[PDB]
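Working notes, structure below.
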Amino acid sequence: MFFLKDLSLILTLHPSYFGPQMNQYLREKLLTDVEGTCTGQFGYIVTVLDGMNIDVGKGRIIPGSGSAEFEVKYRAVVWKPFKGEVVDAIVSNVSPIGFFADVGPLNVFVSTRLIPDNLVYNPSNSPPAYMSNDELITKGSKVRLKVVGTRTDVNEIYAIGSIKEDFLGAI
Amino acid sequence: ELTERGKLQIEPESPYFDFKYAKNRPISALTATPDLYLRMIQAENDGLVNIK
Amino acid sequence: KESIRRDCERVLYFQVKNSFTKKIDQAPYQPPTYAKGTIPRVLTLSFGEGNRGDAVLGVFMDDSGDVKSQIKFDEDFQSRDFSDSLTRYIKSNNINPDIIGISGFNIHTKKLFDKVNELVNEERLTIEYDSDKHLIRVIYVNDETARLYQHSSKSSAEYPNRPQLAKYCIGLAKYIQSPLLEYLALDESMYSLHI
Amino acid sequence: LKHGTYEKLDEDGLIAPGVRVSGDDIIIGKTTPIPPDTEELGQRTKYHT
Amino acid sequence: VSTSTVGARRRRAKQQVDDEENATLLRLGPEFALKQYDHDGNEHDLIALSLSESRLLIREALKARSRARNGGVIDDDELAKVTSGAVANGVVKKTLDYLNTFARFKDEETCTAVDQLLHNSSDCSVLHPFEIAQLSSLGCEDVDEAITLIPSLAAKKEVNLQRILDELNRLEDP
Amino acid sequence: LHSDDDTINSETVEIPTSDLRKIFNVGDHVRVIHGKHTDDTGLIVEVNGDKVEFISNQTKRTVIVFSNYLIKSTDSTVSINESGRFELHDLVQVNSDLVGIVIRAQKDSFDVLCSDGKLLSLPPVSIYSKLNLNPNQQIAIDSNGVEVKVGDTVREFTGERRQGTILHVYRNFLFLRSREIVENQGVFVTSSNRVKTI
Amino acid sequence: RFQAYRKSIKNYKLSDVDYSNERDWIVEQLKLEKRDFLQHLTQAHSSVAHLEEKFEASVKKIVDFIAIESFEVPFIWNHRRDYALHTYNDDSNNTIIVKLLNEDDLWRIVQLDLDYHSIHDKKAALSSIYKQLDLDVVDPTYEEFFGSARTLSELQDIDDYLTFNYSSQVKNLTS
Amino acid sequence: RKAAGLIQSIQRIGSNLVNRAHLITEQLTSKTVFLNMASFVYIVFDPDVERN
Amino acid sequence: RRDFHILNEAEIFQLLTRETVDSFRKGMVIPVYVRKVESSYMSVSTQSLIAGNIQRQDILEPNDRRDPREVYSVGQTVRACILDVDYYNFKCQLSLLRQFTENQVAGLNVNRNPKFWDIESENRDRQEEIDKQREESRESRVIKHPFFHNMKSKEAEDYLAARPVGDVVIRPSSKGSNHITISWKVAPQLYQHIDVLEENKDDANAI
RNA sequence: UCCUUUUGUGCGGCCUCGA
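Protein chains in written order, with the deposited numbering: chain S, 1 to 171; chain Y, 620 to 671; chain B, 724 to 853, 866 to 930; chain L, 885 to 933; chain E, 3 to 75, 84 to 184; chain G, 511 to 708; chain H, 309 to 482, 516; chain A, 983 to 1034; chain P, 1139 to 1345.
In C-alpha cells form, the structure reads like this:
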C-alpha cells in the first residue's frame, strides 16, 4: 500500500566538490541514491516529491577528514506490503512448485500448498498454466492474492501470497 | 529487435551477439540449429531482445 | 514460438543424449593377447600440481579391483634416483602392471609422461604375465570422474588414512578398469559434467 | 624462520670467532621438533618438521 | 539507509502484542502509526494513498521533474527513462505498468470526487485511512466481499458501505 | 495467558516446562534447532499438528520438520564459515571448460556466477576444483594498454559504463565488485577490453 | 520408469477407439518428425513398393508393445528387432535389410505415448462440455474441426468458439 | 526401488541366485518385470562346478 | 562396447591446459607475461603456462631502431597476437606488432549477409556509440583579478555602459580556457573586445 | 630452469639514570 512519509538521508561530500553547484550536485546524488531503492524498514521508495526544491541545510565539516556531512530531509512516496493484506497481482512465471507474480517491483511467490487443489498445474498447456474446470491462470493473467508472510533482506523484500481463500484466484 | 537493455548490454563477448541484428531467418531451418533459437528465447526472457 | 521451442528442445535433448552415449560407451582397456573385456592390472602415477615440492604418488590395482602397494617417492622426478626407484618398483615380483596411466593438473604432467615413457622404452619394461613380449603402455587418462571422486565422502570413508592425491590415483585406476561404474558412482554429480 | 641472515653460521649451528655481526643477524642456530602436518600427502624434501 | 523522523525507542522490559505488522488487526507499527510528526514537530496524521491518488502524484512529480530538467519546455516509457539508475528505471517501469493495468480512476476530477466522498462523509470520519485506501484501491463490489477482504471493516458496522461502494462503481469508468 | 476476558490477560502464571507445547502460526520466521535441516530458516506454510511444513530461505523449497525442532527466529543470520571447501568470492572451476565465482554460500549448496553471466546452483561435491592462480597470472591489461592488477578500480566506457574494483581475473574477463549493483552483491563480469583504469 | 512416467496420468487405460486414434496420432507424429528419413527411404529404395505402409505397421506394432505389453525400450530393441526392420530379396537374389526404426525412435514413441494422454483428456473435456451444451442440431463447424483436431491448440480454439457462440448456455450452466 | 527390494530378497533367501526361474518361483519379481529383466541379468556358469 | 578411447593431440591439450583448440588458435590476442628479453628473441609465459616466443622482426616496429632491451623489461606484461600454435609441444609463437595486436577485432565469423543481417541499423547504432564516446566534460573558469568579472560580451558592454570612457573589464573568452577577452570602453555605446592568448599556463584557472 | 622466504611471552624482584 502506498503512503506519504517524511524521510531523511545523510549525505557526505568530498572537498573536491566544494563549488557553486554544490546544492544541485547534492540533489542529484540524493535522487540517484533514493529513487528505486528498497529498504526493509520502509518498503519501496518510488518517487520523491518536489525533487528539485529540497532543502539541504548547512553541512558540517567532519574533524580529521575535511568532508562535509549534510542532513537532507524530504517527502517521498513509499509502498510496503503488510501481513494479511489482499492485493491484485500479475503472474510472471509458472512452475510445478507454484507460480510467481509481480506486484510492482515486488515479486510474490505462492506455493502449491497455498493453492486450491482444483487448479491443477498443466505443463502441456501452451503456455503452461494452473487450470480448473472454470478457471485458467497463466502468464500475464490477472490474479487477486492475499499476502501471508513477508521476508526482509538487506536491500530486498520477499513476499509470500495465498489464493486458497474466497474472493481470490482468477479475476 | 533490441530493447534498450539489449541495445546496451549486447557486447561482442556475449553469446547473444550472434543474432543481435538477425532477419529473414525461416522457421523451417530453425530446427537444424536448436541452440540458436534457444539462445534467442533465453535472451528474450532476460528482457534484452524481442522475437517477432 | 512455443511449437518451435518444443521442437528445438527435443532436438537438443536428443543431441545431448547422443553426446552422453558417446561419453559413457567405453570398454575396459584390453591387454594384448587377451580377450576383450578382461580387466587389466593398472598402475597410476601423479605428482599433483607439478610444483617444486610435490612428490609422485603411485597406486597399483590388480584385475580383481583390490588396491595394492601404494608408495611415495621422496626424490625429484627429473633425477636418476626417481628413474631407479620406478624401475625397481615396476620390476618387483609382486607387481605386474598391464598399463601405466598418468594424469595431472597442468602442463608439468607432460614431463612426467615423457620421463615414464622414455624409461619404459629404454629399460624395455615388458608385461609380466607371471614367448612374445610387449612393452607396457603409457597413456593420458581423462580425469573427469577422479576429481569428483577424491572429494567424495564415500572415498574418504573407504580410505581414511590416505591423502587426496592417493584417492585421485585410485579414481584414475578405477576409471581405467571400468569407466561406466565410475560414471555411475558420481550419482547426482554426473549432471554437472561437460556433456 | 626469522628475517635475519643465516649464512654466517657453521655446520654445527654456531658462528665462529672473528666474524662481523650486525643487528638481528643469527649467531646461534637452534631448532625444536614439531609433529608433521598432512604434508605426507607428498613433499619429497620440503615438508616441515 | 534513510532514517525516519521518529527516534529514541530505547531498551525496556515490557513486551506488547501490538508490535507485529498485521493489516487485519490495523497494527501498522510505530513508523506507520496513525499519529506522525513533520520536520517542524507538529502533529500529523498518517497519509494513505489509493492507486488513483498515487498514480496522479507520481505522474505529476515525474512530469514536473522532466520539465525542470529540460529547461521548462505523457509517454510512460520516456518519463521512466527521465529518472537515473538502471535498477531505479526498472522499479519505476514496474510501478507504472502495475498502476496503468489497475488504474480505477485515470482522471483528476474523478479522483478528487472519490477523495472528497471518502473523506467528508460522516461514516468515514471514523474510518482508518488504510481502510479508505483499500476500499478505493481494490474496487470491491459487495459488503460481504469487502468484509472478507478487509477484516477491519467487520467491526465498523455503522458505515453505509453498500451505497459508498455503488457510488464508487458509478464514478468508476466502465 | 491470552483469553477473551481482559482481567485474565493481565495475570502472569508460572508453569513448569514439562506441560508446555510451542504454538507455531502460519507465516512466521523460524530457525531449525537440530536435525538434518539444522540452521534452515523460512516461513511456516502448513501446521499439521506435530509436523510443521515451511518454505525454506536458503534452498527456497518446502521442508517438513517436526515442531520440536523449531525456534521462532525472525532473522536467519546464518554464518557459512567452517563449511564446504570454498570461501566467499572464490574463483571455482565448475567443470572441464566452465568457471565461475561464488556469489552466495550455503550449508550444502553454492551460487556461482559464470564468466558469461549465467547463475548456477550446485552442491559442493559437484564443483570440479578451485583455481589457485598465481599472482603473475592474476594480471590483465586494459583497453589503453595500462596494466590493471587486483584491487585496482576501473570504469568502463562501452555499454552501460559501469564502474567497479577488480576482484578476480580469468583470461580476458574481469570480475568486478561494485557498490550500486545490488542484484548480485556487486559482482558483474566484463572483459578487460571494455574498461579504462582510473 | 514407466510408473514414474505414468504417475501424472489421471487415467492411462484408453478405450479401443481412443487407442486406435492414439496409434494413428503417433504414426502421424512420427511421419511429421521423420520426414527426411522417409524421403531418403523412398528415394534410395524405389524398387520396393509401399515401404511407408510397412513403416506405419511397424510403428503401430511398437505402440502396441509399449502400451499393452508394457515392454521397455531395451527389451524391444534387443528381443523384438524383427518388427523394427524389413527384409526383401532383389532381382539378383540379394538379401537386403532395411532398418525402419532405431532406439531413439523407440524413445520418441514412448514420449509420444506419454504426450497423447493430455490431448485425450482435453478432447474428452471438450466433448463433455459440448454434451452439457446440448444443441438441438449438431454444429457442422464444431464436428468438422473436432474430427480433424490433433493438437491442444486447435482444441483450445474450439473451446473459445463454443464459449463465445454459446455463451448464454455457459452462463446458464454457471464475465 | 525395485533393485533394493530385489537385493534384500536375495540376501534373505541366501545371497545366491541359482537360476533365472527363481525370480518367479520364489515370488521375488512379478511376471512383466521378470519378462523385461530376465535376459539382462546373468548368472556365471562354471562347467567344473556343474557336471550335470 | 567400443574400444577404450585414447586421447589425441587436441584432447591432450584440452586436458592439460583447459583451453580448447577453438579458443586458442591463430590470430587471437592474449596478454602474456614477459620472462626473457634478448637482442633477437623474447620469451613469454601465457596465463595457462604455455611458453611463448617472439622474434626480432615481431618485437619492434619497422620504423624503430632501438635495442629490444631498452624497450621492454622482465616482469612486464603486454598484449600479443598468436601466429602459430604447436599443440603437441605446448609452444606458441607471437607478435607484438600494431598491425596484428589491435586491428584484428572481429574474431568471430558472424554471417553478415545483407539479406540475413540488418547492416544499416548496426551502422547507425555504431555511429551513435562513437557519437557518445565523443562526449566530454567541461566547466567554468575562475580568475582572481580586481578588474575581472564573470560576464558575457553583452553583459560586459552593459557593465561598461554605466562607467566612463577608459574603464576596463575582463571576462572569460569563448575560444577556451587558454584565452582571455579584455573589453574596454572606446566610446559611449562603443566597446572593443580583444582576445589574449595565454602561454606557459600553470593551470586552467591560473594566469 | 632456476630463484624463495617472515616475528614475540608474561609476572615479580633488585640495581640504577634525570627531576
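No residue lacks a Cβ here, since even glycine has one placed at the ideal position from N, Cα and C.
Own chain residues within Cβ distance below 7 Å of B/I930, not counting five before or after: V739, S742, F743 and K746
For P/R1203, is the classification buried or exposed, using 16 other Cβ atoms within 10 angstroms of its Cβ as the cut-off for buried? exposed
Does any residue of chain S have a CB that is nearer than 9 Å to the CB of G/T663? no
Compare the C-beta of P/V1216 with all C-beta atoms of chain G and state if any pair is closer than 9 Å. yes
Please give the ranges of any alpha helix (DSSP H) in the region 105 to 174 of chain E, keeping only runs that are unbroken, at least 4 residues long and fully inside the region. 118 to 130, 139 to 148 and 153 to 159
I'd like to know whether the C-beta of Y/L627 is nearer than 9 Å to at least one C-beta of chain G. yes
Do you know offhand how far E/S94's Cα is from E/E88's? 12 Å
Exposed or buried, G/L511, counting other C-beta atoms within 10 Å across all chains shown (16 or more means buried)? exposed
Show which residues of chain E have a CB atom less than 9 Å away from the CB atom of S/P116. Here the premise fails: no neighbours, minimum Cβ distance about 16 Å.
According to DSSP, is P/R1207 part of a helix, a strand, or is it coil? helix
Any contact of the region 380 to 398 of chain H with the region 1026 to 1034 of chain A, i.e. 3+ C-beta pairs under 8 Å? no
Pair within 9 Å by beta-carbon distance, S/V77 and E/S56: yes
Any C-beta of chain Y under 9 Å from that of B/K834: no
From the DSSP secondary-structure annotation, give me the bridge partner or partners of G/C624. G/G610
Min CB distance P/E1336 to chain G below 9 Å: no
Partners in chain G for Y/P634, counting only beta-carbon separations shorter than 7 Å: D626
Over what stretch of residues does the alpha helix (DSSP H) that includes S/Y44 continue unbroken? Note, S/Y44: premise wrong, no alpha helix (DSSP H); beta strand (DSSP E) at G43 to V48.
Measure the C-alpha to C-alpha separation of E/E118 and S/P105 and round it to an integer number of angstroms. 25 Å
How close, in whole Å, do the beta carbons of E/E141 and E/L163 come, if the pair is a contact with beta carbons under 8 Å? 6 Å
Closer than 9 Å to chain G by CB, B/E893: no
Any Cβ of chain P within less than 9 Å of the Cβ of B/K759? yes
Host beta strand (DSSP E) of P/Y1179 (start-end): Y1179 to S1183
Leaving out five residues on either side along the sequence, give the residues of the same chain with a beta carbon under 7 Å from the beta carbon of P/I1197. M1180, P1206 and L1234
Give the C-beta separation of G/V542 and G/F534 to the nearest angstrom, bearing in mind that I take them to be a contact with Cβ-Cβ under 8 Å. The Cβ separation is near 12 Å, so there is no contact.
Bounding residues of the alpha helix (DSSP H) (the contiguous stretch that carries P/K1292): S1291 to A1299
Between the beta-carbon of S/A101 and the beta-carbon of S/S92, is there less than 9 Å? yes
Y/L649 at chain B interface by Cβ criterion, 9 Å: yes
On the DSSP letters alone, give me the boundaries of the alpha helix (DSSP H) that P/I1268 sits inside. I1257 to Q1271
Residue from G/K546, G/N694, G/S520 and G/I518 whose Cα sits closest to the Cα of G/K628: G/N694
Neighbour list for Y/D637 in chain B, Cβ cutoff strictly below 9 Å: Result: empty, since nearest Cβ-Cβ is about 15 Å, beyond 9 Å.
Coarse secondary structure for Y/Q661, derived from DSSP in three states: helix
Residues of chain B with a CB under 7 Å from the CB of L/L925: which are they? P898, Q899 and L900
Should the region 1295 to 1306 of chain P be called in touch with the region 1322 to 1335 of chain P, which here means at least 3 C-beta pairs below 8 Å? yes
How should P/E1147 be labelled, buried or exposed, when 16 other C-beta atoms within 10 angstroms of its C-beta is the threshold for buried? exposed
At 4 residues or longer, and completely inside the region 553 to 597 of chain G: list those alpha helix (DSSP H) runs for me, N to C. none
Looking only at DSSP bridge pairs, what is S/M131 linked to? S/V120 and S/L136
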